[PDB]
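Only one chain comes next, encoded as C-alpha cells, the form deposited in one PDB entry.
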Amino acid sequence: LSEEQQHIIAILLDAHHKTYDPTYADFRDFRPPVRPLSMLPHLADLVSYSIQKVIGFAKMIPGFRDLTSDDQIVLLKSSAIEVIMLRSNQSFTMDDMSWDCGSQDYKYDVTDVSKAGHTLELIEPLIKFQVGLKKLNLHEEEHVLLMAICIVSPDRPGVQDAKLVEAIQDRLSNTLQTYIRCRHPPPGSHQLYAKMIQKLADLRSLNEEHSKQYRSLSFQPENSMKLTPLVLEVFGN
C-alpha cells in the first residue's frame, strides 16, 4: 500500500463525507412524500439532489478533473444512476428491505417504489442487488473506491479519450485490489474484489433496465412534468 494509494483513499473518503449527509437534513427541501404516481415528485427530488452529490463526489476523484469537459459529461450521464444505487446501500437495511433515511416518512420499500407501470422489473433485481451489496460488508474505503471505479469507466458509450479513462480507473482498481490484501482480513476478503466487479456488472443491467423505465415514463409528458430540470438533462434523449 503505497504513498500514492493512501493519498487516493484519503481523498475519496473525504469526498464522500462531503457529498453524503448521514443525517439526511436536506430531505425537508424536497417535495413532500405522499403514500397514482404519488411518490414520484418526492423521489424525483431525491434523485435530483443525489445527482448533484454524485457530481460533487466525481469531481474530487483524483485524475477526473484532468479529463475533457466532454468525457466528464459522458461518464456522469451513464454512471449517475449506478452510483446512486451504490451510495443508497448506506441507507438500505436488511431488517425490512427498505432504504431508511431517519423517518418513514423518509423510508422506502418495494410498495413505495413499484406501484405503477412495469417498475417491478427494476425494483425486484435492485433490492436483490442491495442485499448482495450489503452482504459484502464493505469497508468504507472499499465503498468509495467502487463508486469512483464505477464513475470512471472506459467502456461507457460515447467516450472519446478512453486510454486516459482506463489509466485513471486502473490506478483506482489497483488501489482497491491492494487495499483488500493489506487491510481486509480473511475470510471476508475471499474473492472480495471479484464480487465487487460483479456488482459493477449488476449495475450495468440495472442501468439498462432503468433507461427503459425512464424512457417509457418520460415519454408521457404528464409524468415528465413532475421531474426536475437536472433529472431531464442527465437522463436524456
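Residue indices: 1-based, along the sequence shown. Definition used throughout: the rigid core is the maximal C-alpha set that superposes within 1.5 Å between two forms. Residues that one form lacks are left out of the comparison.
**Q** According to the entry, how many residues of the deposited sequence fall between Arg35 and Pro36 and are not modelled? Options: none, 1 to 3, 4 to 9, 10 or more.
**A** 10 or more residues are missing.
**Q** Higher mean Cα B-factor in the deposited model: 133-141 or 99-107?
**A** The entry gives the higher C-alpha B-factor average to 99-107.
**Q** Please work out which of 201-209 and 65-73 has the higher mean CA B-factor as recorded in the PDB entry.
**A** That would be 65-73.
**Q** By the entry's C-alpha temperature factors, tell me which of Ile127, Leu164, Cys150, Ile81 sits highest.
**A** The listed residue with the largest C-alpha B-factor is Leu164.
**Q** Per the entry's Cα B factor values, which of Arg28, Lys59, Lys195, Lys53 stands out as the maximum?
**A** Most elevated C-alpha B-factor of the set, per the entry: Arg28.
**Q** Where does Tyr24 sit by CA temperature factor within its chain: lowest, middle or highest third?
**A** As the PDB entry reports it, the C-alpha B-factor of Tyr24 lands in the highest third of its chain.
**Q** Split into thirds by Cα B-factor across the chain's modelled residues, where does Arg87 land: lowest, middle or highest?
**A** Tercile = lowest for this residue's CA B-factor.
**Q** What third of its chain's C-alpha B-factors does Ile9 belong to: lowest, middle or highest?
**A** Its C-alpha B-factor belongs to the lowest third of this chain's values.
**Q** Please rank the C-alpha B-factors of the chain's modelled residues and tell me whether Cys182 sits in the lowest, middle or highest third.
**A** According to the entry, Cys182 has a C-alpha B-factor in the chain's highest third.
**Q** State the tercile, meaning the lowest, middle or highest third, of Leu46 with respect to the CA B-factors recorded for its chain.
**A** Within its chain, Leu46 is a lowest-third residue by C-alpha B-factor, going by the deposited values.
Absent from the display: the form deposited in another entry. The rest refers to it.
**Q** Which of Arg171, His184, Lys53, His42 has its C-alpha displaced by 2 Å or more between this form and the one not shown after core superposition?
**A** Once the cores are aligned, the residue moving by 2 Å or more is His184.
**Q** For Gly117, is the C-alpha shift between this form and the one not shown 2 Å or more after core superposition?
**A** Moves: yes, 2 Å or greater.
**Q** For a quick test of reading the superposition: does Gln213 move by 2 Å or more at the CA between this form and the one not shown, rigid core aligned?
**A** Shift at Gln213: 2 Å or more after core fit.
**Q** Which way does the C-alpha gap of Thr228 and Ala116 go in the other entry, closer or farther, given it changes by 3 angstroms or more?
**A** So the answer is closer.
**Q** Are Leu43 and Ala116 closer or farther apart at the Cα level in the other entry than shown, by 3 Å or more?
**A** Result: closer.
**Q** Among residues found in both forms, what runs of at least 3 in a row have Cα shifts of 2 Å or more between this form and the one not shown after core fitting?
**A** When the rigid core is held fixed, residues 114-118, 183-190, 212-218 are the runs that shift.
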